[PDB]
Each structure stands twice: as structure tokens, then as C-alpha cells.
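Before any questions on binding or motion, here is one chain by itself as C-alpha cells, the form deposited in one PDB entry.
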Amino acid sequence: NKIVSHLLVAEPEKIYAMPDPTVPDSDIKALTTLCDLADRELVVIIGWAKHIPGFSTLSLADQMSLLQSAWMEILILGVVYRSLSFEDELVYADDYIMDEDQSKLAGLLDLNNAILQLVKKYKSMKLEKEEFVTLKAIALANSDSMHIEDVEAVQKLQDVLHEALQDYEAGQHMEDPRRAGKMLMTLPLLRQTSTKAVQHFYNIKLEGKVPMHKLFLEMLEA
């Protein structure tokens, strides 16, 4: 598959959390570590997205729209995938892994348990790298931004990625004629826990103890 193949190649290189053992552990250390990690990943996502066929020919405003609705889905799906071969831990990066006890120390228990629900589902499906990268692309195209101007063009991007996934499954998973549909039926859980995650920003902001960038605060309030 042309599209699956280029997506495999466009997969970004590992990113490291670079946590510092001289800062005493705390919910604040954990959360600001996750913020720096995520902003470096967001920068990688923009370069990555220009390898999605059709994405870079949308208007500036449409590209912003799609990415504004999908970035947390893309981030979480990466964490999900990196944890497939672990048990009840979330692999944020090779050097930043969270078990149940550290989730609680960070205030992220309920959120991380929701994510581990996704890990569990994809584990039993034996999710392949090929499927993960096409799912990531589909999460972007299917973001359901309310702002899109060129609805016809985004519908076409979803169809091209949808077609790539189905084609891949038709060839590599003939023992399951409905595997592509099973993959797509995990997307509602993905969007569910991105909304849970974005909503958590507001808890953190209200409590006021963890420092946030002033641009982020402005975005949150708006």
C-alpha cells in the first residue's frame, strides 16, 4: 500500500522526556515534565502531518482547524501504542513510564485508567504498526472541527485514508473480513479520553499550583 507505506516511513523518531533526578518528585514535576514533552511532540506532529496525502493542500485555516481538534487524540494514540507490550503502565517515552502508583502521585489515576482501557483493547486486537499510523492519520482527518470551510476536500481526505486502511486489511488480514471496521470502532474511545484529558487542564488551572505558559492559559480561557 502506497499510503500505508509512506506513513510508516514518516513515523517520527523517539522523543525523550529528559526527567531530572535532582528536582524532587511531585505532582508539579510530573506535570511540567509532561507539558515540555508534549510541546516537543506537537512540533513533530506538524512536520509529520505534511506527509499525509492531501493534508498540505488544504487552506491554512483548514489545516489549523483539523489540527486544533485532533492534537490530543494524536498524542494519546502515541502513548497507547508505545504501551502495547507493557502491563498497566503508560509509556510516555522510553525514559518516562507511569505505573498506577505514579499516576496517583500525579493526579492522573482516573485519566490513565481510561487510557489503559484503550491499551487493553488494542492489545487483544494485536494492533500492528501499519494500523497505528493509518489510525493516527484518520484521527486527524476525522477530527470533526466545526470550522472547516472545504468540507468536500476533508471528506475526500477521510476517504483516501479510510481506503488505505481497508485495502491494507483486505490483503494482510483475510481471516478477519471486518478488521478495518473493528479498528474504526475504537475511535469513539480515543475521542472520549482526549476530551477527558483536555478537560483536566481546567482542574489544573483552577488549583493554580502547577505553572502553565501564559499563552496556554489564554488559550484555555478562550
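Rigid core (definition): largest C-alpha set, two forms, superposition within 1.5 Å. One-based numbering along the sequence shown.
The same protein has a further form, the form deposited with a partner chain bound, not shown here; the description that follows concerns it.
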Taking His6, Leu8 and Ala153 as a possible spot, do all three reach its partner chain in the entry with it bound with a heavy atom inside 4.5 Å? no
Do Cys35 and its partner chain come within 4.5 Å of each other in the entry with it bound, heavy atoms counted? no
Indicate whether its partner chain has at least one heavy atom within 4.5 Å of a heavy atom of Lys14 in the entry with it bound. no
Do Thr57 and its partner chain come within 4.5 Å of each other in the entry with it bound, heavy atoms counted? no
Considering only heavy atoms, tell me if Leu220 and its partner chain come within 4.5 Å of each other in the entry with it bound. no
C-alpha of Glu207 off by 2 Å or more between this form and the one not shown on rigid core: yes
After superposing the rigid core, is the C-alpha displacement of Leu217 2 Å or more between this form and the one not shown? yes
